[PDB]
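1. Provided hereafter are the protein sequence and its experimental coordinates.
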Amino acid sequence: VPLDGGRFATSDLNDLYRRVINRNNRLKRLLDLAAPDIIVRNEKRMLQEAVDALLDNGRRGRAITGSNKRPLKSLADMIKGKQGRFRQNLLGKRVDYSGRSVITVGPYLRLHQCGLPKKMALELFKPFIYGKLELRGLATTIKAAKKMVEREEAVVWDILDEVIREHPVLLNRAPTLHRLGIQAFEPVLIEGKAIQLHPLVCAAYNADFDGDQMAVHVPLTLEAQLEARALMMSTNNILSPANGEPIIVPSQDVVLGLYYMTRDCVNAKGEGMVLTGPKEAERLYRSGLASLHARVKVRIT
Amino acid sequence: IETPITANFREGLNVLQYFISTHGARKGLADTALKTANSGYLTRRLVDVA
Amino acid sequence: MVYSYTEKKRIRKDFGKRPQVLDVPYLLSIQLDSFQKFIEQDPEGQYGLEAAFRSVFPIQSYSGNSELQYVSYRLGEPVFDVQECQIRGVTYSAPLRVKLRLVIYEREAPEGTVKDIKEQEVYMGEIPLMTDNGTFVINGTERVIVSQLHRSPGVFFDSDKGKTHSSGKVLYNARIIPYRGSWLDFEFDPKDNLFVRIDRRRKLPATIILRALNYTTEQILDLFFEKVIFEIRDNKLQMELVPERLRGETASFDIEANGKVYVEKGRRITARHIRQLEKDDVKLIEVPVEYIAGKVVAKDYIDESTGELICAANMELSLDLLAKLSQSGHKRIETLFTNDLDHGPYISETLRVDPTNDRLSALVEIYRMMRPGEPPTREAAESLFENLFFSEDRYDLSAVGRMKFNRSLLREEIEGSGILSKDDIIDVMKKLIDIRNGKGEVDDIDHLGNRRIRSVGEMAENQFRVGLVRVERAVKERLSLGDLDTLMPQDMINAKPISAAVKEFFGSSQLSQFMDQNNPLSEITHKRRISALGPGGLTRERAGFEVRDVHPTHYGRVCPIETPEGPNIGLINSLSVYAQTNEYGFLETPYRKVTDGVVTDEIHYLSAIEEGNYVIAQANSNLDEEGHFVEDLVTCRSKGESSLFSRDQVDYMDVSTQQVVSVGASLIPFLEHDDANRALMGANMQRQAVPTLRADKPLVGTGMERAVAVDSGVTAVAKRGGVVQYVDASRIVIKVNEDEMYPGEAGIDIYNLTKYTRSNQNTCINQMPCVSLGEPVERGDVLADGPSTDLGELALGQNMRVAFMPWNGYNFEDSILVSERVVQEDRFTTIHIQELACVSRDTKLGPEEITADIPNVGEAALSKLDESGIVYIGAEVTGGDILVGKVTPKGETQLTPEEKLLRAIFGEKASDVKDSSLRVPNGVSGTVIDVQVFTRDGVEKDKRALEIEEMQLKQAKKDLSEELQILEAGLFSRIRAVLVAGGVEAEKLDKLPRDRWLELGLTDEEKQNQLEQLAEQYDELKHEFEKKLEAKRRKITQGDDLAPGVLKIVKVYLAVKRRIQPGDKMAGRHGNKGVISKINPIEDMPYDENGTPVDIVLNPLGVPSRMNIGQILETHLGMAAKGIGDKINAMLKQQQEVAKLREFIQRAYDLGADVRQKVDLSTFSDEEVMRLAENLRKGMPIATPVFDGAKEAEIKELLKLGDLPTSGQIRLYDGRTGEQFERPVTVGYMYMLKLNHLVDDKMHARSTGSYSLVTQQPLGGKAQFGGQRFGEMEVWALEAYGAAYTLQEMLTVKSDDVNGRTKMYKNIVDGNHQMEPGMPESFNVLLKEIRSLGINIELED
Amino acid sequence: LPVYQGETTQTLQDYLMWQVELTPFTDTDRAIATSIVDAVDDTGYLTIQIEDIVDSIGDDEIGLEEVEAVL
Amino acid sequence: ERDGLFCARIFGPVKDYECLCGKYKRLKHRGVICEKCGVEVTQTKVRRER
Amino acid sequence: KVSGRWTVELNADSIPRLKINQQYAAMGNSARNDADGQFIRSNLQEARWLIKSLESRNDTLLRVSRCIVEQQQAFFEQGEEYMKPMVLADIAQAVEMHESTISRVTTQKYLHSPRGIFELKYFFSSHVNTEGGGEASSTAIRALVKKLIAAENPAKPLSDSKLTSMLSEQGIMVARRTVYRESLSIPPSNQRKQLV
């Protein structure tokens, strides 16, 4: 990893190996043209110390790099720790197609849906878009598809929408705490720069309509899609797995609205009205009745 | 503390009243912050155990 | 009579009940006075450099009789100017040179000076001057150094007890914190034994130092312990006992008081018994020998005949040894009191535990503890001990530290040496042991009498003194070595280390950082912050929970709320709205002393030690016209528990009702109805906003924004100006009236504000000019319209109309519903200016030069380039458009028949030049605003640069020309007036100068002489102007410096505007976060009964859960003010008369309770009144104090005066279905600010990226279309799904797979949908790492 | 931050490999295409001849016609 | 380098099938190593795998 | 020359410098073998000799280089037109110890300047000017030829008449003997005629 173009500027154990290479040379220098019995008197001790420092310097002594008081990270050092091989390397990988969503209200889109800004969309479907372009013959050449997509064709938009129909997606919030953090839903394109979310998975997402991010996941394998629509699909996590109570607990102002439905002040306009019910929508919306009205008798089926 | 505050969100607050009224909010902020991490550590330990 | 020549244009409506006394502080004096003093010429060397150099000024030869001293130093004038250096990019600073003196004195003569080299001025470094804005110009860059807040130097008796003891024992420790030298601690162990500690090492004996400190155990005990005579002569067992001295103990037996026994045997000590024993004279009374056995021999006594070691000190008396001592030694033997109820030896207890008894042995233990090995040679241990604290050049803590320690000893004098002293440590141990037995109180960490704020001048002084210390060693080394020389004191004067130290302190230090440019308020705040992190205070982000609490003495130090919500909360205090600084290191608070009922207007700064003394009355307290009090029992504070006190029980009064709220908080009005936690969130967000394209002045603020921009210095004040001379969209020229015009001065000022300056936070600051033409203005007048400012206010945000109702789920919890209207007028459009650059870098394979010669390139790219390769100013840019095109030549080719034919056919490239071109960023597009370039001196490319150079020269020459013309006009007028009354008609001298006929002889006696003098003046002026032009020209092309081997570095800065779209971030000054998230077609947003819609429909259900009454107060105030403005504009629509509109506004500014004095029709002229009207064309600006806001009563009343609903409820019409709306709602206008975290980084995607060289993973945080890394908790969640395919692909497809990546990409192309597990490369890598360390890696099958 | 960066540039060789892999090709056709792509000069002209490619293939079935079609 | 870190004939082949000297630079040589410099004409993966 | 002029510094940090240490002598004593001791002593002898060699290289390429840069003022004074055919024997006699005892120490060493890296062998020069008070410096004549190429013939590189006359205007009089054109990768005249 050269820095300025000229000098490689290698670091750490190889750099330590540099000094060890001295010893490695010195061993050869001890091998011939030096008296190993007379030499290893002070040589072998520094040899053991440096071999340690290359394998592990933290055990004894202090090996610092140029102009930095920090110690040396030896062979085992990059195996453990928060910055080692045992760091977030087993399942800590950076994903291929996801990242850094924007969150806002999905007032529309009854529960089985999820709204996403289209800009990131079809950057995801790029493999699917190319597959469609070749399969539909819109680009016999891969470079032809590259040009056509780079041209931002509306036919490509139609193709993407056709693909975006039958392919669900996965979404999750920032700090995973429950199994409720990630759900799966039908993706719907929306003209904006943020995600649209129904009040369906809101509390489970544990965010709060504020500066926040979400994560989108694309089921590539068919098994992935089948499982996500089967298990990750939000349209199945009805009841909370732990308490047993409903996971989907309506807690927004819709409660206030239903409350305003079933109330009666004392006796409103047409208090004594009695009817069948089907045109009560007229008697309320047009005129005659209020949700806050009492004594409205009705034949209930 | 000795003196309580007889005040409302529609009545305002006094200067020293507000000043006293600050320690609790500061403490709650600090508590939420320092508690998220400990909860996470315990959860991680349990999950490893599972 | 508030003249306010700047603010007479517009007078905001105040609501301040209390009568103001003291103005706001200079509001930048803290970040200025320290550096101002740091180079202040002081007649006595008291601090800073006058102390730092005077500390180690004399450098002496090692008895070489050669000395080095300095008479004085002076700092040089600047090289590049502030903006000029900013363009250049160097650290704007000033060199300093000291007249040095190398004096060699001859031997064999008493201090006999032989030669002096006191003729060399030594410039050892350059001083970085602090700005008039107090901003660093380090490397050109905008930056500031955060102040220091640490613990004072002294001695304190800390408690350090509780659960840490792990034994249920209260520890009585003590620590001395010196400003330099070693740290000493005297702790009390669980065995009630003192332990000495130095620099937190293993505990040392308590008495080890005293024995080492030339103090015998006899002297130590005699000073420490009270010795009883115990005069038992002839076996009398009689002691002289004082019931006053020792009492309170039940008399066991043989207790008699001067004959008659006052204390019975087995009788408990009574106050009557002690009183009787004191009333009658008590002589040596007989006591049981049991008290002797318990008693210890205080003094070490030897027998009269032999000096035997019988009865050693610190030994309890033994009855068998008692007879031996009484018969042989003496009859009276010293014993001690050690009254365990009230006292305790605890040192004689430590005296027995002492391992060594000799001073030399004690010195050797000290060396053994300090130095683990290398035992001393009777000189090393002693030297180390003497230098530890008894040295002048090692501890020398502080004279202020001396005052603190002396006060801790309650010493009459507070002036002492920073070095240690014996009696001081003695008194320290005395106080510590007394408190252990109980004599006083331990100190308090949260106490403000213990913390001190160190300012920037002291820090720089510390760095400078540190550098001088390192230099003095080599100085003395060179003075001693080869002292037989008469060289100037520059033999080894190297400024490189001093400069490096000063820079590193200023440049790379966590205590400093680049400044906040978000808005004027954010800049006025960050530069005034106070945090304890860094070289002092807390060492780690951990280690504290009570460190961040609200100190009881902190009521007048920081604003209580303003601190971030991140990890470091409670550790970032803000200078109070009037926070003053103490003499030594602390901060006081001005307050009005209350004397005899009336409250004196005189205010003095008071400190925490002073603060707990007097009685101070609360702000919301009435004061009689006599100054007296209204209510006799008034809530006042005496010692931290405020309570009602009598009108004669008060001693002080505060300054202002805001004296507890600082600037970072003072801005938000309607404070009293604002909840605490939400207020903190809102104010910490408040500095997070960006100036808008249209500066919508803040309608209802807190009255401060005028000054908040005035002292902030993002606008221009009219320094000594009387009227406007020239006004321009690039500068302003003002002619100074002769009254204030300096003699021999131009009497003209040119403020050349710079538009489109890319400030610190990548925002777009473009100062705008206030006046139009010939505006008469007095001194300091607001002349420049700054970013997010409007005629002098902190114009941070847009005043948008809104209405309170939830609707259709689009306003679920915290959403804002901006319809298409605010899209149309595009208010709150974002501005930005962002830069880039390239380098030339003459290389080995061949220099890369900007020639626009790109081989194998598309022509359209070059369509925007110049022959220089630059792009002309004013072009458009999208995609990866080439920006700065260098061509790096490559290795030459041989004859190369294929390449020979290629050069023969096409030629001119031969692939010799490889593309070293710069291109526009991917996903960043804009329009090129402005450019610059700096080439290493000696490189004279200047292809498209000589044009820019010429432009700069033209501007400079034009600037120089004006003063020259003015002076020439003055001289020509003087000459022509001299020709007056001489028969020379003005038509002649008007036709041509002609030297006024070249002294025609109008008087011919002095007219010739005066003409000669004037011609001399004219020629001299011509020469001087030419010289100035030449100097400026040479400066213009003085040559740029490109240290990094680049022939030239050229920067191009482009512009951008951003459109507020769904999902972006906004908030309110009443503390509420939210996102504008619903784009409703304009046929949707409900319309008023008069038809006027509102563009913001706020989610209302959140009203309770945060006690955001302030939002409602805002709604009401905004409705009323928008109504007042609309009515005034409507009056204007009929072109109403001046008198009528004047009366209307006079009644408008007269409603409500008593706040301010201002009356129309008495001061403002009709056009001036007309002007005030015309500016007040969208409302009435409102000033509601935070702690003294206006009553909602006056608001609701003025609503009737505004013919508006005092309740505010109003009819609504649903734009979607056209139904008259139930629940008449109160709607109004509220301010809203756009915060930094705009969408411009929110959206992010990726499809296929590159693998790393190691671990083959994706990039990261949008770095080269980077991608974030998944979470281990998320992985556990994925397991909880049991989605084996999902986790498998995530660990395979979304991981380091290369050969699996290609196979999967091919399958996705082919629609196969298959992933191949194989084995991760990281697995083999870890196997190798095992094999890399001392273990074979072998995996079985 | 750490200067560590491991960006693996393809330099259009991996682009050619992905093109042949994504192009419909048989085992022999893919091997011929890979052999053709292996010995390519910097300027972009093939360093070796088609007959050399057929010889390096070492297959009697591999002929000049197949090599020409692959090229 | 030579007989040390990043040395040819050790840890595997060079970036191309070409040997270190410059000989055996083609796809024809699969396991042949040049006499001037012995570097197997192969891929560079074993640089991490050796 | 970011500052316009600076000491070349002889790349002081990169200059090899071996360090003798007392503890290193102690460790050599730990190699107490008498034959090894004699070897280490003779090695110190040859190492002092080599110290003389490196000091020789450095001091020669320092003093002779200061002499060569003495012709220059404020980094490059007149570009390449600042020196003549350099006598290496002259610089060695300037070193005054191995006076004209030539070697290769400044050779295999290159001084970098504002323009770029140029060898100490390049600090030496050769005679290219032939008449017109010229007898020295190939770089100056080549730079004159380069300025002539900035205005060379269009149908051909500046003809040996054109280039030679430009050099004569410089007074060097390199003649067609230096007219270099084939050496400047410039072919003949008529072959340089091409379609417009």
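-> Ah, there it is. Residues are numbered from 1 along each chain as shown, chains lettered A, B, ... in the order given.
2. Let me see the ranges of the helices in the chain.
-> All of this refers to chain A. For chain A, helices defined by DSSP state H occupy the ranges A:12-31, A:36-55, A:126-135, A:142-150, A:154-165, A:202-205, A:222-227, A:254-261, A:280-285.
3. wrong one, chain E
-> Shown for chain E, the helices assigned by DSSP H span residues E:46-49.
4. OK, now which residue of it is nearest to chain A?
-> Distances from chain E to chain A, computed as Cβ to the nearest Cβ, single out residue E:4 as the nearest residue at 6.2 Å. No exception for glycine: its C-beta is placed from N, CA and C like everyone else's.
5. So for chain E, which of the helices of chain A sits nearest?
-> helix A:12-31 (6.2 Å).
6. Quick check: the gap between the residue of chain E closest to chain A and residue C:964.
-> Residue E:4 sits 72 Å away from residue C:964, taking Cβ to Cβ, to the nearest Å as the criterion.
7. still on that earlier bit, export the helices of chain A as TSV, with columns for mean neighbour count and distance to residue C:29.
-> Converted to TSV, those look like this (neighbours: other Cβ atoms under 10 Å in any protein chain shown; distance: least, Cβ to Cβ, whole Å):
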stretch	mean neighbour count	distance to residue C:29
helix A:12-31	17	49
helix A:36-55	17	54
helix A:126-135	20	59
helix A:142-150	15	59
helix A:154-165	16	61
helix A:202-205	20	49
helix A:222-227	19	64
helix A:254-261	12	53
helix A:280-285	14	67
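8. Show me the one of the ones you listed that comes nearest residue F:163.
-> Among the helices of chain A, the nearest to residue F:163 by Cβ to Cβ is helix A:142-150 (49.8 Å).
9. Can you show me the CA trace of that closest one as PDB?
-> These are the backbone C-alpha positions of helix A:142-150, laid out as PDB (Å, rounded to 0.1, in the frame of the first residue of the first chain):
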ATOM      1  CA  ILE A 142     -24.500  -6.400 -22.500                       C
ATOM      2  CA  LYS A 143     -22.900  -3.100 -23.600                       C
ATOM      3  CA  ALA A 144     -26.200  -2.300 -25.400                       C
ATOM      4  CA  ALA A 145     -28.000  -2.700 -22.100                       C
ATOM      5  CA  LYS A 146     -25.300  -0.600 -20.400                       C
ATOM      6  CA  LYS A 147     -25.900   2.200 -22.900                       C
ATOM      7  CA  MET A 148     -29.700   2.000 -22.900                       C
ATOM      8  CA  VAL A 149     -29.800   2.000 -19.100                       C
ATOM      9  CA  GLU A 150     -27.200   4.800 -19.000                       C
END
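10. got the angle for that helix vs helix A:154-165?
-> If you take axes from the mean of the first three to the mean of the last three Cα atoms, to 10 degrees, helix A:142-150 sits at 90 degrees to helix A:154-165.
11. What is the distance between helix A:142-150 and the centre of its chain?
-> Relative to its chain's centre, helix A:142-150 lies at 28 Å (Cα atoms, centre = their mean, to the nearest Å).
12. Show residues contacting it.
-> Counting contacts by Cβ atoms under 8 Å, 6 or more residues apart in numbering or on different chains, the residues outside helix A:142-150 that touch it are A:126, A:129, A:130, A:133, A:134, A:138, A:139, A:156, C:1309, D:19, D:22.
13. which of those residues sit farthest apart?
-> With Cβ to Cβ as the measure, no two of those lie farther apart than A:156 and D:19, at 21.1 Å.
14. And the nearest residue to the residue of chain E closest to chain A once chain neighbours are set aside, how far from residue C:135?
-> If the residues on either side of it in the chain are set aside, residue E:4 comes closest to residue A:21, at 6.2 Å by Cβ to Cβ, 6 or more residues apart in numbering or on different chains. Distance of residue A:21 to residue C:135, computed by Cβ to Cβ: 50 Å.
15. before we move on, what about residue A:176?
-> According to Cβ to Cβ, residue A:176 stands 44 Å off from residue C:135.
16. from chain E, which residue is nearest to chain B?
-> Of the residues in chain E, the one nearest chain B is residue E:48, at a distance of 31.0 Å by Cβ to the nearest Cβ.
17. show me what contacts that residue?
-> C:1321, C:1325, C:1328.
18. from these, which single one is nearest residue C:434?
-> Minimum distance to residue C:434 across those is 66.0 Å, recorded for residue C:1325 (Cβ to Cβ).
19. outside of the helix or strand encompassing that closest one, which residues touch it?
-> Using DSSP states H and E, residue C:1325 falls within helix C:1321-1332. Identification of contacts with helix C:1321-1332 by Cβ under 8 Å, 6+ apart yields A:13, A:55, A:75-76, A:78-79, A:85, A:89-90, C:1255-1256, C:1296, C:1298, C:1336-1337, C:1339, E:48-49.
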